[PDB]
Amino acid sequence: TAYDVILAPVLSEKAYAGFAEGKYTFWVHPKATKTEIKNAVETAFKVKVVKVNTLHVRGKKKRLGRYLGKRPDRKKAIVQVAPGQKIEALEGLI
Amino acid sequence: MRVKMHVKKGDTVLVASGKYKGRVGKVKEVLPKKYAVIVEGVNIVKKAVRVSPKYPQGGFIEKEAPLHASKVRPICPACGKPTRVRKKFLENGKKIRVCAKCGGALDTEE
Amino acid sequence: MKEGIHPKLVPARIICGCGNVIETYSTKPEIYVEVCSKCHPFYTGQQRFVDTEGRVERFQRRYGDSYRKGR
Amino acid sequence: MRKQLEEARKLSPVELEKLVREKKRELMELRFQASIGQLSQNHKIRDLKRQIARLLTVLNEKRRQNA
RNA sequence: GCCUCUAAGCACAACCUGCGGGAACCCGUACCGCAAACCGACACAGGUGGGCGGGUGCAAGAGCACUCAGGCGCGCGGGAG
RNA sequence: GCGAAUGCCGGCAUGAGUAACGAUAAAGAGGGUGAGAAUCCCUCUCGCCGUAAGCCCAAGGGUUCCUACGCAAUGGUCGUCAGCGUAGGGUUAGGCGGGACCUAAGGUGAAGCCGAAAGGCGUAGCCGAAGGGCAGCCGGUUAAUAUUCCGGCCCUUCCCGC
RNA sequence: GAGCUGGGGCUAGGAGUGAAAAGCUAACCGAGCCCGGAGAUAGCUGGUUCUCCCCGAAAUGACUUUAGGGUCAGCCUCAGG
RNA sequence: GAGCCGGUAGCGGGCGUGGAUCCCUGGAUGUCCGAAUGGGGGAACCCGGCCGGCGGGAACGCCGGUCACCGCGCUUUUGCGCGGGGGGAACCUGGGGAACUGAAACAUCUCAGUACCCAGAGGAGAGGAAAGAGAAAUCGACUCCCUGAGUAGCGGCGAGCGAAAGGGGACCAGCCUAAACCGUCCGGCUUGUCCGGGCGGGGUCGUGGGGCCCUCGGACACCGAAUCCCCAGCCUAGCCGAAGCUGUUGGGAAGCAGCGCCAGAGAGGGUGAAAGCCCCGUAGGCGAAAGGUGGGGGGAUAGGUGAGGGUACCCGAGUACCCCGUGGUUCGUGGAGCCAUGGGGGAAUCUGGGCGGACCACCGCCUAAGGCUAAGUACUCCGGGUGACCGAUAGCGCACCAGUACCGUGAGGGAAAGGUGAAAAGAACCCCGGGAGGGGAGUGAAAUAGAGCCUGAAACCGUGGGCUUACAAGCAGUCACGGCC
């Protein structure tokens, strides 16, 4: 309770280009306030929170032998930089 | 054959079997006594995978089932297992004692 | 509840009927009237000390009000 | 790491505070890892979580003792 | 919202007004969607709300006949008849 | 202990390989891909819509949409096609909408009037609407979403100050 | 025009409504649908099961809100004398 | 006691005899909904006001601690501090309370105070020390069982319905408060001498209590948890624990056979086909803990009980009682009693007053119009065990991803499917093929044991073989006979 962390980067393709020049996209604690995004963002990666937007998605179509389901809840949020800093290794990475 | 058991890694005899030739009990569960005596398996003529040689057929088959194995063997083979008399300050020593004896002392051998 | 009495309980039941008589007169009982009903008292009041009420119910009332009249 | 049980015993307010916080961050590191080293990681994840968990068990014990 | 006075502060730091600076979160879009995805237990010709409804001709016109864009060819085929 | 009760439950028969394919808005070719293509893909002839078989917002559906593999089930046979199966990715908005505001009918309901009990009635304040009110538009970019993204242009209130 | 229509509501099922025929009241409400009394009640129909041995009914009397029912009489079977 | 990262075994990585898996008892956050209560709201999601915090400060926004309502008593101030509510299969008390069907109609009647709506206390409540019984100069709380008669009786006396004291049994504490009188006291009004409310002695058990006079009196009684300490019964973990091998037919043996064996423990299951001596911490007996629960046995804690006569009396209920309007009860209207209440009347302090006999004269009875609770019959969610109780269409419907699929608007209805084998060794590999699937090799004791795969029959359709069939009228058949095989 108060363990700041609240996310998992958007290893997502399309989301790549943004990482590429100025914005970055990730999966975030389905719940964090957008200002929550700004803070986790800022103190976490020592940056400059710019433009913080959000989207959400649940799962559809998972057949399980004799019964079925479709998954849980994956949350999406995108935040941009001010200069183009931080996330380096992550980005060079994927 | 329950939450409780017989010998462990131990080294014992096969009565009603096909081998009798006792030896290293590589592993023995808690509930299904499931124990492998490394005394009779097969090949599972493997996947056809490169998992086993790209030209496979697994070798060491050894899941030991039946429980007619005569666990424990001191200078004596088929014997049940005693319990204790403690003898020393804080002494469980549920070692195995009957006729000959074996307790699997933490030394020279299991 | 919201209409029993105030000075005890007088709020309930009643099974009854009739038909007709003519017994130790000339015969048996013209017997029958399988009926059901209510059955109760009335309301009224006085004053604590400048500004009041009572509410209550009938008799129990009269004696009572007399009582707290005593105070 | 019963030993860690010990360190635990050892620290207090702001201490345990930033300890568990930073450690937590560490596990974040893990979260990140969700697609790199991985193999020997496993444990950093499960255990690390158990660890920090303890961290909290303690804070509770101590400040609870308090108020 | 424009005013229009108490409370009562205001009135020296309340409101009206410029410039600078800084802020602004929660849930929402995909696509189907006069219809094989919405309602009739079916890829059931039934019903289901508002937006000009392109054009030619016809006295007038969302009716008429051919069409603009845009949409099809209904989903079991061939065959003598 | 059982034909037997138009029995009860589950099989399996029967007209039947006849009746039927969901609209008389027609289709014919060439090449292509394929284990196989009337029934998929391009392209070329051709008919029927067009005032709809248009697009559009909304509703309601809630997967799916896409991209990639696959078809034994499913389409009323096809089927290398799919809204089918498997996996992965896909919608983000101070200014669009709704709440962060308003309220009627209307529900609630502190008061109050009221019932054998459970309730009946109910001002006030509240909840409660494509009825009120409010600050942006257009051109460009994705397999895929847009006045939400990018860009050009035009603002919105609230906070700190001056 | 007592016009038609989307959205939001209240009246309801021995009650509703109801330009009222007995209409409609989640696809056949002349008194809704689910669960419950309950396995209502059923002199009416159905159905009413191994072998073999003996006997062998009546299908009429009498009164009955009974009259295709029933109490007693008539005929039957097993047992005693 | 030495192995585990739940049902997944697979991948990819691990912790542990410096008690790791895990069995138990108490621990910690303990998301959002749900009584919800800070507010709203189509619950499980959107709002807000106070102190703390961090960040880009203010605005933003999270952790956080935060803030219904109720009635309840207290500091009635400015009120701070308590209670409930919300459940629950059945049992349970009271609240309200129905047709069928019977009475072969059916209106009294009947099912019945039954079904059901409700409110509510529990772990069990219910009732529970007599204005009782009953008539013997008798009993003695209440509750539940057997009996009491299905008589005594209630009634279109019809269908029907139907007691109670006693006796046998079980379980056996009894205890209390306003009850003006005492005095005390504070408030009173208004002052003297009334009421009001606190302490008491009184605080009626089968009848006194108080106040005056005298005999009085100087250690055994515990509660309904008064209360506390214990062997706390268990909770779930514990522990031991009886005796055979050789052979042998078998894929097997625990089986046939040989000899040797146990037994305060031949209950059963489990170990490749049927073991006392093989598996089982069982019957044998014993075991055990610092938590969560108490009856016992005993203690202490023990509120409070526990004397005698005398005397003018004042001291358990606001309605007893009587008229009608009604409930109970074996009572359905009646000669109809007692308790019980809706109307109007409308009082007695132990010469008191209801009760036995409608009522009157008697004797007798009990002591009313307040309070408390144990113990013996009920009930079944949940645990344990046993079954001339069931085998997968019976059993709970439900034997295991059935109260879910799926129909209905909601209410609500409400399936099916158990087994491959002994163990996975469950199918490398070769061959037709797009695939499935098909022939081989290996499996093996079998694979006509092959994955819906045990036993696997009837029905129906199929491949081959025997007899049979184109002048035939018949459920069927079937008696006969003749031709085939």
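Parameters and conventions
Residue labels here follow a simple count from 1 along each chain's written sequence instead of the entry's numbering, which may differ, and residues missing coordinates are not shown. Lettering of chains starts at A and numbering of ligands starts at 1, both following the order in which they are written. Taken together, the chains in view make up part of a larger assembly, and the values describe this part alone. To obtain the side-chain values, all non-hydrogen atoms of the structure were included, while hydrogens and water were left out. Only protein chains enter the accessibility calculation, which uses a 1.4 Å probe; a residue whose area is less than 20% of its type maximum is buried, one above 50% is exposed, and one in between is partly exposed. To qualify as a helix, a DSSP run of H or I must reach at least 4 residues; to qualify as a strand, a run of E must reach at least 2; elements of each kind are numbered from the N terminus. Pairing between strands is defined by DSSP: at least two bridges between the two strands are required. Being near a molecule or strand, for a residue, comes down to having at least one heavy atom within 4 Å of it. Each residue is assigned to one of three groups, with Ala, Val, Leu, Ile, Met, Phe, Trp, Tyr, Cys and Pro labelled nonpolar, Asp, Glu, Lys and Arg labelled charged, and all others, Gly among them, labelled polar. Buriedness for pockets is judged along seven lines, at least five of which must meet protein on both sides within 12 Å for an open set on the 1 Å grid over protein atoms alone, while cavities are sets there where a 1.4 Å probe fits but cannot get out, and lining residues have an atom within 4 Å of a point. Grid points are joined across faces, edges and corners, and a volume is the space filled by probe spheres set on the points. What makes a salt bridge here is a side-chain nitrogen of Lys or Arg within 4 Å of a carboxyl oxygen of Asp or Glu, nothing more.

As summarised from the PDB record, the model derives from X-ray crystallography at a stated resolution of 5.500 Å.

Chemist: What's the story with the pairing of strand 2 (residues 23–28) of chain A in this structure? I'm lost.
Modeler: Two faces make up the sheet, and in a regular strand the side chains alternate between them. Residue and element names in this part refer to chain A. Burial of strand 2 is extensive: 5 of the 6 residues sit out of reach of the surface. Bridge analysis of strand 1 (residues 7–9) against strand 2 gives 3 bridges, and the strand direction is antiparallel. The residue of strand 2 that forms the bridge with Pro-9 is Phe-26. By the bridge criterion, 5 bridges tie strand 2 to strand 6 (residues 73–80) in an arrangement that is antiparallel. Bridged to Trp-27 within strand 6 is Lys-76.

Chemist: Please clarify how the protein's contact with RNA strand E should be interpreted in this entry.
Modeler: All names here are of chain A. Around RNA strand E, the structure places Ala-32, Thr-33, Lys-34, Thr-35, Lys-38 and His-56. When atoms of RNA strand E within 4 Å of the protein are sorted by moiety, sugar and phosphate together comprise 100%. Of the residues forming the surface near RNA strand E, the biggest block, 3 residues, is contributed by helix 2 (residues 34–45). Of the residues that constitute the surface near RNA strand E, the class distribution is 1 nonpolar, 3 polar and 2 charged.

Chemist: Is there a simple way to explain empty space enclosed by the protein in this structure?
Modeler: Here the idea is plain: a probe the size of a water molecule rolls over the atoms and shows the empty space left. All names here are of chain C. This structure, assessed with the given rule, holds 1 cavity of 30 Å³ or more. Estimates place the volume of the largest cavity at around 60 Å³. Residue lining of the largest cavity: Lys-2, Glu-3, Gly-4, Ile-5, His-6, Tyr-43, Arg-55, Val-56 and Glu-57, and that is the complete set. Looking at side-chain class alone, the lining of the largest cavity contains 3 nonpolar, 2 polar and 4 charged residues.

Chemist: Is there a simple way to explain the pattern of salt bridges in this structure?
Modeler: Opposite charge on two side chains allows them to pair when their charged atoms are near. Tallied over the full model, the rule gives 6 salt bridges over all chains. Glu88(A) serves as the salt-bridge partner of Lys86(A), at 3.6 Å between the closest nitrogen and oxygen. Exposure remark for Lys86(A): the relative accessible area of 27% places this residue in the partly exposed category. The class of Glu88(A) is partly exposed, set by a relative accessible area of 40%. A salt bridge links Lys23(D) to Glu26(D); the shortest N-O distance between them is 3.5 Å. Of this pair, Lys23(D) and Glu26(D) both sit in helix 2 (residues 13–33), 3 residues apart, which is roughly one turn of that helix. Overall, the relative accessible area of 13% leaves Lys23(D) in the buried class.

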